[PDB]
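Reading through the structure tokens given below for one structure.
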Amino acid sequence: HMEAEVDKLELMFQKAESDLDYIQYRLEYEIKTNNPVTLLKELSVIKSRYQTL
Amino acid sequence: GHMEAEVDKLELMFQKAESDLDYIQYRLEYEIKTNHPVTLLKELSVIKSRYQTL
Amino acid sequence: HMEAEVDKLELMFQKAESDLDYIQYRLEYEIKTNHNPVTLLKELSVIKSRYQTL
Amino acid sequence: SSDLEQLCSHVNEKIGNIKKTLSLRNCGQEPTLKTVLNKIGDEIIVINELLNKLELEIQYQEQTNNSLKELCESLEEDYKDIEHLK
Amino acid sequence: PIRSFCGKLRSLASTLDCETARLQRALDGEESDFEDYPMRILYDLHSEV
Amino acid sequence: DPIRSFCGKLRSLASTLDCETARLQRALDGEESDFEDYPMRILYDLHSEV
Amino acid sequence: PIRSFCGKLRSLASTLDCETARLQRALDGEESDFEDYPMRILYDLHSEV
Amino acid sequence: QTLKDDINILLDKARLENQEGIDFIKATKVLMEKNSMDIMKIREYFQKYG
Amino acid sequence: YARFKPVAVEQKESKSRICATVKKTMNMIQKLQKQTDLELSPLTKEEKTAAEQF
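Protein chains in written order, with the entry's author numbering: chain L, 0 to 33, 42 to 60; chain S, -1 to 34, 43 to 60; chain P, 0 to 34, 42 to 60; chain D, 3 to 88; chain Z, 3 to 51; chain 3, 2 to 51; chain V, 3 to 51; chain Y, 52 to 101; chain O, 61 to 114.
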């Protein structure tokens, strides 16, 4: 009964997902008790002005 | 038609098979509706993590 | 783990294949041992034609 | 199939092909596997002899059920004989 | 999005299950579908002829 | 070949339709055994994990 | 033709195995790769500026 | 292993059925001799009566 | 095992059929012994075997 075997595999994947999902959930919780993004945009404005000057 | 007729039959059969399946389902749904593992997986993750964190 | 699970599934499939392969091997052995709808169709075409031209 | 995807498959093939040649080395060298592999291989030889025995016991079993029918036949002839007469 | 994969995989299993079973039986002379239906279409074919 | 090649695919969809409608009825009815037997075996494994 | 499927499946597994492991560790403060490399690229980024 | 159990187990039921068979035919073939006298004893009787 | 399963029940037939013919052939003889006199006993080997048929 491979169908049964597959039922297991699907069960495992579903676990793996809620595993990942938790890890994520925690990280998100972590950040909430407390960025390189805008730093990149700023680092372009300077590289531009020097090269303009 | 001739084979067309044969095909008409095949299509007819499939349609039956579908309403067959459809009924089986309908019944299962009826059985469950009479009294009102998913969350169990989610719960089994939170602990298997807390073991590992502690 | 899941990799291990998959290793099993693959193993099973491989069995299923050699299972099927045996069944076939045997049927072939049966056939080659003792001692034709194919040509019968052509002939039933040969007559249906040979007739209705006549 | 993208250049990206085609790369991945090149990788998985190299990865997978190792893992197989790995299990081939393990199973043919490491002792604990190598026994359980012979234990199976031996138990195939016996489960093969157990077939030949089941083969003869079948072509015997049949040949008695054959006689145990051929008896039962003759035994309803000599009764229908004594049922008609007395 | 998970099961969608497995569903396909599953069907290939269910198929592998079901047909391996019956094909053995068919090989063995059981299962009846295999000597019963070719009869019925051979008899139709005869009825045509 | 291109004849049966089509039908082969068609056929499998049939064989599937045959086999699974049969059993699913049985399963609905409480026979067929595969449906109360295997979920047991994986539930018992899942228990054994825990 | 069989393993060809499973090989793909397998990789998705190996991936699921490997990354769930480490991501837990990372979450926990082990595994080192996650505080070590962002350092090294942040220090390069610094060196640029 | 379980396979070598079944394949063995079966062989047993066949060893038996060839037996439970091979002495029935003889166990029956002795009641034959008994019922064969018992008629010949009844027949010899009814012809004369004495 | 499928060369077996029928031979296993076609014995029970031939058995449970012979076991019916002899039980009948036995009661004529116990009706016809009663009706007129005589005697005998099955004597071991015979009644031994009767255990089989009962």
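Built from N, CA and C at the ideal position, the CB exists for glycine as well.
Residue-chain proximity (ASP38 (chain V), chain S), Cβ-Cβ < 8 Å:
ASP38 (chain V) does not count as touching chain S.
My output table needs one value for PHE75 (chain Y): the three-state DSSP class, helix, strand or coil.
It is helical.
With 8 Å as the threshold, decide whether the Cβ of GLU106 (chain O) is near any Cβ in chain Y.
At a cut-off of 8 Å between beta carbons, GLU106 (chain O) contacts chain Y.
Does chain D have any CB closer than 8 Å to the CB of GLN98 (chain Y)?
Using a Cβ-Cβ cut-off of 8 Å, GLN98 (chain Y) does not count as an interface residue toward chain D, since no Cβ of chain D sits closer than that to its own.
For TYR28 (chain L), which residues of its own chain have a beta-carbon under 8 Å away from its beta-carbon, when the five flanking residues on both sides are left out?
The answer is none, since no qualifying residue turns up.
Taking C-beta to C-beta, are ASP89 (chain Y) and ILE78 (chain O) nearer than 8 Å?
Result no, Cβ atoms of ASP89 (chain Y) and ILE78 (chain O) do not sit closer than 8 Å.
To be precise: take each residue of the region 16 to 47 of chain 3, compare its Cβ to all Cβ atoms of chain L, and keep it if any distance is under 9 Å. Which residues remain?
Those residues of the region 16 to 47 of chain 3 placed with their C-beta closer than 9 Å to a C-beta in chain L are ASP35, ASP38, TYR39, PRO40, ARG42, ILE43, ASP46, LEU47, ordered along the chain.
Just curious, the alpha helix (DSSP H) that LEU46 (chain L) is in, first and last residue?
For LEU46 (chain L), the enclosing alpha helix (DSSP H) has its first and last residue at 43 to 59.
Coarse secondary structure for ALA62 (chain O), derived from DSSP in three states
Annotated three-state conformation of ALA62 (chain O) is coil, per DSSP.
I'd like the span of the alpha helix (DSSP H) that includes residue 1 (chain D), first residue to last.
Because chain D here runs from 3 to 88, residue 1 (chain D) falls outside it and cannot be looked at.
According to DSSP, simplified to helix, strand and coil, what is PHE7 (chain 3)?
In this structure, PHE7 (chain 3) counts as helix in the three-state DSSP scheme.
Reduced DSSP secondary structure (H/G/I, E/B, other) of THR81 (chain O)
Correct three-state label for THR81 (chain O): helix.
May I ask you to report which of helix, strand or coil DSSP gives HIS48 (chain Z)?
The answer is helix: DSSP assigns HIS48 (chain Z) an H, G or I state.
Which class does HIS34 (chain S) belong to by DSSP, given the choice of helix, strand or coil?
Reduced to three states, the DSSP call for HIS34 (chain S) is coil.
From this set, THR17 (chain 3), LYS10 (chain 3), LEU44 (chain 3), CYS8 (chain 3), which residue's C-alpha is nearest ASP6 (chain L)'s C-alpha?
Looking only at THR17 (chain 3), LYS10 (chain 3), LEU44 (chain 3), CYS8 (chain 3), the smallest Cα-Cα distance to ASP6 (chain L) is reached by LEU44 (chain 3).
Hey, how far is the Cα of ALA3 (chain P) from the Cα of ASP46 (chain Z)?
Linking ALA3 (chain P) to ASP46 (chain Z) through their CA atoms gives a straight-line distance of about 52 Å.
Flag this pair as touching only if the region 65 to 81 of chain Y and the region 24 to 40 of chain V have three or more C-beta atom pairs under 8 Å; answer yes or no.
The region 65 to 81 of chain Y is not in contact with the region 24 to 40 of chain V.
Quick one: using the 10 Å Cβ neighbour count with 16 as the cut-off for buried, is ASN42 (chain L) buried or exposed?
Counting the other CB atoms within 10 Å of its CB gives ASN42 (chain L) a total below 16, which places it among the exposed residues.
What first and last residue would you give for the alpha helix (DSSP H) that runs through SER25 (chain D)?
Start and end: 5 to 31.
Go to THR96 (chain O), then tell me how far its alpha helix (DSSP H) extends in each direction, as first and last residue.
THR96 (chain O) -> no alpha helix (DSSP H), and no H or E assigned at all.
Label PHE12 (chain P) either buried or exposed according to how many other C-beta atoms from any shown protein chain fall within 10 Å of its C-beta, with 16 as the threshold for buried.
Buried, since its Cβ has 16 or more Cβ neighbours within 10 Å.
May I ask which residues mark the beginning and end of the alpha helix (DSSP H) holding residue 60 (chain O)?
Here chain O has residues from 61 to 114 only, and residue 60 (chain O) is not among them.
Quick check: the region 15 to 27 of chain P against the region 19 to 36 of chain V, are there 3 or more CB pairs under 8 Å?
By the criterion of at least three beta-carbon pairs nearer than 8 Å, the region 15 to 27 of chain P is not in contact with the region 19 to 36 of chain V.
Could you confirm whether any beta carbon from chain 3 is found closer than 8 Å to the beta carbon of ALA3 (chain L)?
Answer yes: the Cβ-Cβ gap between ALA3 (chain L) and chain 3 drops below 8 Å somewhere.
Tell me which residues of the region 13 to 29 of chain L have at least one Cβ-Cβ distance to chain 3 shorter than 9 Å, keeping chain order.
Within the region 13 to 29 of chain L, no residue qualifies.
Three or more C-beta pairs under 8 Å: does that hold for the region 6 to 17 of chain V against the region 9 to 26 of chain D?
Three or more beta-carbon pairs separated by less than 8 Å link the region 6 to 17 of chain V to the region 9 to 26 of chain D, which places the two stretches in contact.
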